[PDB]
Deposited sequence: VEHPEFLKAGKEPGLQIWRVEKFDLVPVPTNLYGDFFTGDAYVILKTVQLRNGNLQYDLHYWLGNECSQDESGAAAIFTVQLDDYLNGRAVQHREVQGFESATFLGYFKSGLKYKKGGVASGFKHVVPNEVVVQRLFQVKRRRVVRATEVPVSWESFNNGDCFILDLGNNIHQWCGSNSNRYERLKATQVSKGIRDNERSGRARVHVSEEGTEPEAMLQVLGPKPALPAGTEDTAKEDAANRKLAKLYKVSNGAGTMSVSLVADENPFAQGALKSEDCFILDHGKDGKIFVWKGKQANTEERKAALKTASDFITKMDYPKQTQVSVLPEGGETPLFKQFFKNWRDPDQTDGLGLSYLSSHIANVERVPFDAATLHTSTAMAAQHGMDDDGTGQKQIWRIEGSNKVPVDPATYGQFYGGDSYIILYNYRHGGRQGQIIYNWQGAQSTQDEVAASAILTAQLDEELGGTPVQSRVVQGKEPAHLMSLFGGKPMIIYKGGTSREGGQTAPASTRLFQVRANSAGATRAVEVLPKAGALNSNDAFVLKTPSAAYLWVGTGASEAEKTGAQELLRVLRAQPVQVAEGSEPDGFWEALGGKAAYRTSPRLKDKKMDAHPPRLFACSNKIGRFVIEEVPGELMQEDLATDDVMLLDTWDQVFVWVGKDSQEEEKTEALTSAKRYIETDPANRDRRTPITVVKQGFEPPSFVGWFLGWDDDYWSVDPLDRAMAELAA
């Protein structure tokens, strides 16, 4: 029990200790983000779960020129502090330059890798005035890092940004070939020095090649000629091993894994090394020695498989698993939480998000509600529906609006209104039994209609059976009914199947959807109402979980089906029902996430590029901020229910046309084995729908009216 242990993790916040001489010494709070390259640190992030318990993320950070003793000393402190916190903390091994996204999210003024350490006699605490003559190099995109560099022109290159810190004057230098997002972020390194390190009393001078002030030319000399500046299919696969010098044995050859494969007596390693991270899962009932040696366990597994030493390592206690970990498993369920608030773990970057329940009356006032439910509006706007025959849009009979045949593909042009600026959504619905010359036609025609309308409408491709929530809400109160095949083109109408089964599901908004499924018992579920119609009789089955909205939709389907139903509760019904299904087997009844879906699958922001033919994606750590949407990039906003494609105005055109495909490749490569039919929603810069903007607390509508870099330089210049 260290004295620093007693101050650790008492209240939500961030705490940083430096390991100095086998002791924990606090880093001054205003310097959080500065890390000496020669040192090791311990970092405790305390989040307040909505259930009332506190959640602990324990990181230790190893600089590149770290000594072996203090590298080991940090590990000892994390192991011993996890114990002071009764083994409920999630532990992280972080090394300089390769830190986890979680760790990086704590500091979005960037981090600074300072030269020196305890061995060379350097501290964070500094006298009131101290002569400064440092230089920093700033590279990367999602989370910027400034590395202390030798004060010389040999450190410079055309393409990066540089901060030469002269004390009361901070000189930010932007290379000639630095594109303009990098200068913007390099400026919050400049201000961090001014505000945090100099208590405000300093000025920031920005310059580029050929406009260096004499103060800069005095220290570095005459400027010479500077030189130039200076992969996704890996993430799909992962294996699960069991831990017992200790050895390992494989348990699952490929993901998704069975949640039952983790037993509480042992420790497991989930190997995701080709993507740069390995997990260690501490069973509730493992040897005290195995749980205390989990970090050395991970170290030995990294040597054994010849993974890079910089590989990220996370250790998770049973019952405190992270959402990224649980997504490796098929249908993870925490036996606790369908009741209570939240789940075992609350991702730090959405811990501030206040949860808004859906209320149709006031939805038009809350972008938060629109995003948190995927509902741009209440669904009552004007709309036109086309069925695609051959290569043409053919208008659908307005009386049949809401009915969709699986042998067709459709286009919906919808006019939404929410808040202060109106917009349009183009839905491309592709039935599972539409001929793929027509599906492909529906795609092209969708893009054609987007550019006819000036290129501003949202485009969202949906596959039959995985319709987004806002799409079901477009038909007054009537349910969205989706037949498994056939066509509504005037030509060949067909004779309905002998015995058909429909599944009637509802969304946060009370709207309903009726999907045909093969008439078999293994396709039922207690969360929904169903409708089975035979030549004999007409059933309406109702699940234990099905509520009042599920049945209102279900009959109105009977009303369209030319029927009177037999109302039938779950488990207690005539034995004529299950003969109509050709027997009986198991069907899954575990309830749906609903309000906790955001807890189990927080939205994540990625950048993506198709350069040199390799797809590659970069997660953007920390809170979702509009500032991270680089106007020359195509971004991915994954909200689990759908993947948003944000295309910047100034992005390359080959990336713009491939926006749909890029998202499809993100889904195909997700280690969670995502549903291939997951809707993809392309979104243009400056015309983002509410269901996208709402995820960015502090979104400003005029953000791009003034160029972002030019505005930032106004704050420093005046």
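Engineer: Where the model has no C-alpha, note the corresponding stretch of the deposited sequence, numbering from 1.
Structural biologist: Coordinates drop out over 1, 232-237, 252-255.
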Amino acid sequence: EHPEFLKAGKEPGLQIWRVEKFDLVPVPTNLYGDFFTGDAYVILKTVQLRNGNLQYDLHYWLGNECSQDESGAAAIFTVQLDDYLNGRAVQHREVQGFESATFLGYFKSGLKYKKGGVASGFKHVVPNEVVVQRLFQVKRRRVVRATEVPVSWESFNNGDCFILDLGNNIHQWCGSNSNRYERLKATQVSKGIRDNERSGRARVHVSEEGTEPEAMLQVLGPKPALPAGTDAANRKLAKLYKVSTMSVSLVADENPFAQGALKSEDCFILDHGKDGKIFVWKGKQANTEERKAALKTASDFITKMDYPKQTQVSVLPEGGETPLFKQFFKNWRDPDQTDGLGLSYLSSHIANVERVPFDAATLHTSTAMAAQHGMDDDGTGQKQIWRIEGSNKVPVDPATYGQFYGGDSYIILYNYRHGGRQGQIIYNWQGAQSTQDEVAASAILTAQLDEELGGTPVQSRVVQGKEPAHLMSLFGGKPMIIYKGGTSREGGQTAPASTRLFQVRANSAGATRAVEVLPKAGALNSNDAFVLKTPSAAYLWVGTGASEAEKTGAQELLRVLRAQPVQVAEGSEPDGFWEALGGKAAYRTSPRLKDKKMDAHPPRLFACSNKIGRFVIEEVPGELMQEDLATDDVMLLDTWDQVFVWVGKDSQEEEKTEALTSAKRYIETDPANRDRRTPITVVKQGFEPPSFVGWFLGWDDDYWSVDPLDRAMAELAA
From here on, numbers count along this sequence of modelled residues.
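Engineer: According to the deposited model, is the average Cα temperature factor higher in 278-286 or in 542-550?
Structural biologist: According to the entry, 542-550 carries the higher average C-alpha B-factor.
Engineer: Which of the two stretches, 328-336 or 407-415, shows the higher mean Cα temperature factor in the record?
Structural biologist: Per the deposited B-factors, the answer is 328-336.
Engineer: Out of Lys242, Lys594, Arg513, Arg562, which one has a C-alpha B factor higher than all the others in the entry?
Structural biologist: That would be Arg562, according to the entry.
Engineer: Highest Cα temperature factor in the entry, among the options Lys112, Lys383, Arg387, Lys611: which one is it?
Structural biologist: The record points to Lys611.
Engineer: Going by what the PDB entry lists, where does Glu658 fall on CA B-factor within its chain: lowest, middle or highest third?
Structural biologist: Within its chain, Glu658 is a middle-third residue by C-alpha B-factor, going by the deposited values.
Engineer: Where does the C-alpha B-factor of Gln310 rank in its chain, lowest, middle or highest third?
Structural biologist: As the PDB entry reports it, the C-alpha B-factor of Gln310 lands in the middle third of its chain.
Engineer: By its CA B factor, does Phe530 count among the lowest, middle or highest third of the modelled residues in the chain?
Structural biologist: CA B-factor rank for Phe530: highest third.
Engineer: What third of its chain's C-alpha B-factors does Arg93 belong to: lowest, middle or highest?
Structural biologist: According to the entry, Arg93 has a C-alpha B-factor in the chain's lowest third.
Engineer: Per the entry's values, where does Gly159 land by CA temperature factor relative to the rest of its chain, in the lowest, middle or highest third?
Structural biologist: It belongs to the highest third of the chain when residues are ordered by C-alpha B-factor.
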